[PDB]
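Q: Can you keep this structure in mind? I'll have questions shortly.
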Amino acid sequence: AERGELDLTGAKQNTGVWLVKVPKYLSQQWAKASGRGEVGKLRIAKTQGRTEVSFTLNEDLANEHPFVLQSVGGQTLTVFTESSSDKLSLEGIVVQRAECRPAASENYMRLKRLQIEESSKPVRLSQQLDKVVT
Amino acid sequence: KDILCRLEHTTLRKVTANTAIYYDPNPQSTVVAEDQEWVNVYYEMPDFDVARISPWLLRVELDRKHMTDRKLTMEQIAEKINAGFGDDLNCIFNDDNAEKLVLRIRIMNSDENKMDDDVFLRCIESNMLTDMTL
Amino acid sequence: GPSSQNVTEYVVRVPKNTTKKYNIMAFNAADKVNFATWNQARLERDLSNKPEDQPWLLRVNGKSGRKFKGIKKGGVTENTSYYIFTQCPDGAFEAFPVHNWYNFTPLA
Amino acid sequence: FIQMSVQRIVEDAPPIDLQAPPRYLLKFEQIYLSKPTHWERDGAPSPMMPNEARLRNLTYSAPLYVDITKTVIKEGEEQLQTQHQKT
Amino acid sequence: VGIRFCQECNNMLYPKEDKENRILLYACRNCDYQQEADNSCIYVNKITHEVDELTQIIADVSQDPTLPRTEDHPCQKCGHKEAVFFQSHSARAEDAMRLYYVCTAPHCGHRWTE
Amino acid sequence: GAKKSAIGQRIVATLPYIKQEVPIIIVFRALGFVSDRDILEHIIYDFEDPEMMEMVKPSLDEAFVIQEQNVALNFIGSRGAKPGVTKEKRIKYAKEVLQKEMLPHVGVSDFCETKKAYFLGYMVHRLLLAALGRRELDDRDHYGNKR
Amino acid sequence: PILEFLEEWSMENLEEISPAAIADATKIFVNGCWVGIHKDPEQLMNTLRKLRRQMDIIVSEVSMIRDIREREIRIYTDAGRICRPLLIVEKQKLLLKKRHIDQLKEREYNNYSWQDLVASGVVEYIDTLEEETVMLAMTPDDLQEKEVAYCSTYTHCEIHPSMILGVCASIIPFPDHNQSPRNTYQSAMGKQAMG
Ligand SMILES: [Zn+2]
Ligand SMILES: [Zn+2]
């Protein structure tokens, strides 16, 4: 028991966690409110020999997100948190990885172009003046 | 063509198919089952090497077509090795009847009785492949 | 049985702020990291540079056990975010952003 | 070059730090470029046509201006920031 | 041929015999660690190196639009008529004119030589 | 030579602002990957193939003496163009060289060690492929390779 | 934008992958920097080509090369790359149609131009590196017409072979009937000809 001790209780309980890679538009929609305690619903449907994962965007938030799983056997991942009280802890071991992909194919590129323009706004370019300074 | 063969330059590297440094601590029980068939012929009445044998072994397999092209049979190669290295090395070669031409090599008995018993084999094999002249 | 056709759907919660920040701890598979022997551990900022902008040093089971070094992922996720889903008694998934990513490698 | 590289070079140029006590910081922000101009001996600017440049052995060049922000920290707990437009 | 790494420090293991028992042990360096060497062969090089080029061939080459396609050599595994044939074009062969064939059917990366 | 032809052929690196070449495994150690398995994970991506594994043995043997990142950094600093008066300064100089002078296009920030190690391993992998004959040597006259 | 799109799609960052996965996956390089790895290189290349031909997230001059044998995808965006326009061929058929030709015939008073061809994705710019992986057809009427199957996977078609010539070599009449050093000599002389 010391300041530098790591609370491995999560590892002892073998708590399983899932890691997901999600896009900026989804993360930013969540960050907009970020305090309502709700952003959507994750629906998992399993069949005889196939499982599908999907996420539904909240109706209020919007004003389908299929999930593709990834093998985690090539790398072992764990999650640890640094508490504000300087009490490091382990939450669990990553047992599954997933990626969230957009549904729209072409019209989504329109939003991507808008994002690119927004990111290019800070870019500054030489300006053609008219009338020499004096 | 006989004069051409006597004039051109040929190195163990040209007539050797492959080389392998086996451990083979017991010559009577060879790690290579194919070797054990004929190695025991030499080791039934061994001569000039019964005193001691270096644990390590250097097995070289020679290409039949190259051997026939250069008219180099299994005898003069061992004779050249013996002349070059004095008694430093003991060479035991198979017969042409076997589909594979094999020449096992070991370090002298006296040294066994300072550089390294292992790396020195890599030294001799590479120098035999390039520096030595058949 | 129900396992062959079970459908599970859970709410998603994203608290605005959390007292403890969330990080990622990645171990190489070939290292064969095992937590059964992790009776105790010590994670602290390094002293070679001699704080928030420095690598992390992990010493498992004091000096006797293995030592690992974690380095912040230089590549930033300007267009990506990572979240962790954890089981809770209320049955709703909770998503926490990944503040940092660390790759730990054992030190002989 | 004119639209991207000049401005990017000026931006990437590290801010000038001086101290020898008060310390001054110089930052180059924006690039401005006027039309090619020629100054007569009297000092009156006038647009320079390429044919005029060819005939009079002039250089077809455009004046270049930078916005420069100079911030002075006097160690007195106040910093004075003055911007020179189109230097 | 195999390369073994120390279980303690994940460093290269070098061969050393033990005179006490006269057996090969892959011993670590800067670690004071040892292992029992089951394989026995510590070094082997093939000068001729008749390496099977089929191992190097990648099934994805069937997607290359620049490779020729022939329907006279059907795939044995699935019977697909169309196939892509090419030469090795890899150094050290010293005789490279034979054709290696790859099935063009997706998901069947069968490769062979005539 | 006895040991020269026994170990084989080794890989060195001619880093900028360093008078003489250094073994590649030493560069990896300075970048901070000490274990031979970790370095070979970034160099060889498929441990199943033994032919490429045999190619890197002489380099590992040559770099066996240095086993610590700080030791490798001091080794590089000692051969830096501006020798450091003290070992700590030599380390500080070698780290700067490997941070901003080697593979700058990969990155110049402080936490680009992994990226630089991966790219250097890719360079070593390309060299090994060329030596093994699995890839054709680059053609200088090729224009896709001209700007 | 290229890096952002690659991150959006299933391209695993180098930092977030174990080395063992690099074997099967194809490396993804951008401007000579090993950005990451990908598992479906064919689909990734199809998506990138579609994006470039639609001018949505990839500009025309960006060159994407898939070394299938080496399992590499190199995307180049830096300046200085020499490239030329080439007509796109799909299923042994030009994407350039009589409607495009008529709109070009009425080039003025309708605002139609070459940029519209490029945007429609009938003609795209190819550099030397990408041209290594291209299956050119010298002419559409002859090489991709149903005939003895020399090749049925043509990817692009030359707009006109004579466009391989320069300004001074383009004034030679019937240069394909002259011994080449005479074409060179005329190229030299045309710069000294009066006019
Ligand atoms: Zn070890
Ligand atoms: Zn097939």
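Residues are named by chain letter and number: chains run A, B, ... in the order of the structure tokens, numbers start at 1 in each chain, and ligands are numbered from 1 in the order shown.
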Report as a PyMOL selection string which protein, DNA and RNA residues come within 6 Å of ligand 1, using only C-alpha atoms and all ligand atoms.

A: chain E and resi 6-11+28+31+33

Q: Show me which residues sit within 9 Å of ligand 2 when counting only C-alpha atoms and all ligand atoms, and put them as number ranges by chain.

A: E: 74-83, 102-111

Q: Compile the residues of chain C that lie within 7 Å of chain G, evaluated using only C-alpha atoms, and express the compilation as a ChimeraX atom specification.

A: /C:28,73,79

Q: For the residues in the current selection, export N, CA, C and O atoms as an mmCIF file, in the first residue's frame.

A:
data_model
loop_
_atom_site.group_PDB
_atom_site.id
_atom_site.type_symbol
_atom_site.label_atom_id
_atom_site.label_comp_id
_atom_site.auth_asym_id
_atom_site.auth_seq_id
_atom_site.Cartn_x
_atom_site.Cartn_y
_atom_site.Cartn_z
ATOM 1 N N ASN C 28 2.916 -6.296 -25.699
ATOM 2 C CA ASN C 28 3.174 -7.136 -26.862
ATOM 3 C C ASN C 28 2.848 -8.590 -26.544
ATOM 4 O O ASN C 28 3.093 -9.070 -25.433
ATOM 5 N N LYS C 73 1.753 7.538 -27.295
ATOM 6 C CA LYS C 73 1.638 7.364 -28.739
ATOM 7 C C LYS C 73 1.830 8.715 -29.417
ATOM 8 O O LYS C 73 0.984 9.607 -29.290
ATOM 9 N N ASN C 79 -8.461 12.621 -36.046
ATOM 10 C CA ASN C 79 -9.682 12.193 -36.720
ATOM 11 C C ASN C 79 -10.233 10.887 -36.161
ATOM 12 O O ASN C 79 -11.088 10.264 -36.803
#

Q: As a ChimeraX atom specification, please: the residues near residue 116 in chain B (cut-off 12 Å, only C-alpha atoms, same-chain neighbours under 2 positions excluded).

A: /B:54-56,107,111-112,114,118-124 /E:15-17 /F:2-3

Q: As an MDAnalysis selection string, please: every residue in chain G that DSSP puts in strand (DSSP E or B).

A: chainID G and resid 11:13 26:30 33:38 63:67 72:76 83:89 94 123:127 136:137 156:157

Q: Identify all residues of range 35-114 of chain G in alpha helix (DSSP H) (DSSP on the backbone) and supply them as a ChimeraX atom specification.

A: /G:41-54,98-105,114

Q: Using only C-alpha atoms, what table do you get, as a Markdown table, when you list each residue of chain G with an atom no more than 12 Å from chain F, its nearest pair of atoms, and their distance in Å rounded to one decimal, rows by chain then rising number?

A:
| residue | atom | partner | partner_atom | distance |
| --- | --- | --- | --- | --- |
| G:13 | CA | F:115 | CA | 10.4 |
| G:14 | CA | F:115 | CA | 7.6 |
| G:15 | CA | F:114 | CA | 7.4 |
| G:16 | CA | F:114 | CA | 11.0 |
| G:17 | CA | F:42 | CA | 11.6 |
| G:18 | CA | F:41 | CA | 9.0 |
| G:19 | CA | F:41 | CA | 6.0 |
| G:20 | CA | F:45 | CA | 6.3 |
| G:21 | CA | F:45 | CA | 8.1 |
| G:22 | CA | F:45 | CA | 6.1 |
| G:23 | CA | F:45 | CA | 5.4 |
| G:24 | CA | F:46 | CA | 9.1 |
| G:25 | CA | F:45 | CA | 10.4 |
| G:26 | CA | F:45 | CA | 11.6 |
| G:27 | CA | F:122 | CA | 10.2 |
| G:29 | CA | F:119 | CA | 10.5 |
| G:30 | CA | F:106 | CA | 10.5 |
| G:31 | CA | F:105 | CA | 9.1 |
| G:32 | CA | F:105 | CA | 8.1 |
| G:33 | CA | F:106 | CA | 5.8 |
| G:34 | CA | F:119 | CA | 6.9 |
| G:35 | CA | F:115 | CA | 9.0 |
| G:36 | CA | F:115 | CA | 10.1 |
| G:63 | CA | F:144 | CA | 10.6 |
| G:65 | CA | F:144 | CA | 10.8 |
| G:67 | CA | F:135 | CA | 11.8 |
| G:69 | CA | F:135 | CA | 9.7 |
| G:70 | CA | F:135 | CA | 8.5 |
| G:72 | CA | F:122 | CA | 11.9 |
| G:74 | CA | F:144 | CA | 12.0 |
| G:76 | CA | F:144 | CA | 10.6 |
| G:77 | CA | F:147 | CA | 11.7 |
| G:78 | CA | F:147 | CA | 9.1 |
| G:79 | CA | F:147 | CA | 7.4 |
| G:80 | CA | F:147 | CA | 4.3 |
| G:81 | CA | F:147 | CA | 5.2 |
| G:82 | CA | F:147 | CA | 7.2 |
| G:83 | CA | F:144 | CA | 9.4 |
| G:126 | CA | F:144 | CA | 10.6 |
| G:127 | CA | F:144 | CA | 7.0 |
| G:128 | CA | F:144 | CA | 4.6 |
| G:129 | CA | F:144 | CA | 4.6 |
| G:130 | CA | F:144 | CA | 8.2 |
| G:131 | CA | F:144 | CA | 8.7 |
| G:132 | CA | F:144 | CA | 8.7 |
| G:133 | CA | F:144 | CA | 11.6 |
